[PDB]
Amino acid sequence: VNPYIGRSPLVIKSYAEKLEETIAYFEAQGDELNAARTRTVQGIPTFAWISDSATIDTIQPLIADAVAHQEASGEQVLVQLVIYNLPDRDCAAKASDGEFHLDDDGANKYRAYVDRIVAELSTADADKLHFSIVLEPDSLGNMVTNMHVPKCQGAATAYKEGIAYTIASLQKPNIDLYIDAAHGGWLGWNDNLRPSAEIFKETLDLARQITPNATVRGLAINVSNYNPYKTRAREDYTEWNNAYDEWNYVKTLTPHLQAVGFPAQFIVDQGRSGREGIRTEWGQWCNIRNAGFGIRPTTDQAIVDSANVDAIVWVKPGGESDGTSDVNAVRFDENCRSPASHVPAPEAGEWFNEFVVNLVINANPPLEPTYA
């Protein structure tokens, strides 16, 4: 069943608190409407990212808060998590902050990291909640398009085995799993569709060798990207790609999933998808200037318009930087000084207030204000 129907995805308190800085900015500008729109954003659920082992410490307090909120509100709280820590993570990138490396016992360390997450998701409080979990952004797409990269060659089996273990470890009636499936500009190209479907099925089959009847709900798409759900003005860079918006990516990928016997249900990130025409190349990803908040999280089929889409969601939390633009930073990524990038920008994950200001202003549909 679509686990989003009737459920109330969890508002992440630590994220909402960061937005107080954005509210303060707008109030100082004498801009009460945008201050009020920012308050609306405080009440919009986002995914909590578990991108390292230290962040596992945040999970039980998050669950305790979620249970208290469920008791107070009478809602069916749906905790949304991203698991993002494969060994030799981000294999095609020049650099990765992933803490596990295959040559330093990374496969076994990843299993234990998963095991630590499982322990937190197996408490009496956890049992009271429902979870939606996105598995491993920036992973399996690399096996489709980046097998000429030595690091990807050496990580391919590990990515499949790692995700397989995560799937096999999180089979519970109150957990739905979505394997990350990149975005239309990566895997939507004609020649990438079938091998993508095949690798998702291959990974699920490996999971079933660990836990016999293991399943996933489907796929997560556009995570951390900017692609529109339905484009208003198709971009020139999408020429010869039938997945020129994320709704079309669903429609174009679905038949291949069906053909290989992989579940064809999707959740779609639209947290930074409000404004189009912000990039000159599809591969630009880092802090794209003038990005807007997109369609708010919803299951409404009048918007979603696809039996294959469970929900539009906000996975990457807008305002958390994609990377620093400082040329001298230890983790400097040249992509973060692209012609389309918002500069200056802070370290990946750090608060980028100027960028959130623009996310509010460029939101589409416009944000409805929340007034006290």
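Residue positions are given as counts along the sequence shown, with the first one as 1.
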Query raised in the report: Is the mean CA B factor in the deposited entry higher across 118 to 126 or across 133 to 141?
Result: 118 to 126
Query raised in the report: On average, which has the higher Cα B-factor in the deposited entry, 107 to 115 or 94 to 102?
Result: 94 to 102
Query raised in the report: In the PDB entry, which of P173, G74, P228, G185 has its C-alpha at the highest B-factor?
Result: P173
Query raised in the report: Which of these has the highest Cα B-factor in the record: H148, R217, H256, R89?
Result: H148
Report task. Determine, from the deposited record, the chain-internal third of the Cα B-factor for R337: lowest, middle or highest. Result -> highest
Report summary line: Quick tally, chain-level thirds of C-alpha B-factors: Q80 sits in the lowest
Requested in this report: Compare the C-alpha B factor of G154 with those of the other modelled residues in its chain, then answer lowest, middle or highest third.
Outcome: middle
Query raised in the report: What third of its chain, lowest, middle or highest, does the C-alpha temperature factor of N364 fall into?
Result: middle
Report task. Place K316 in the lowest, middle or highest third of its chain's C-alpha B-factors, as listed in the PDB entry. Result -> lowest
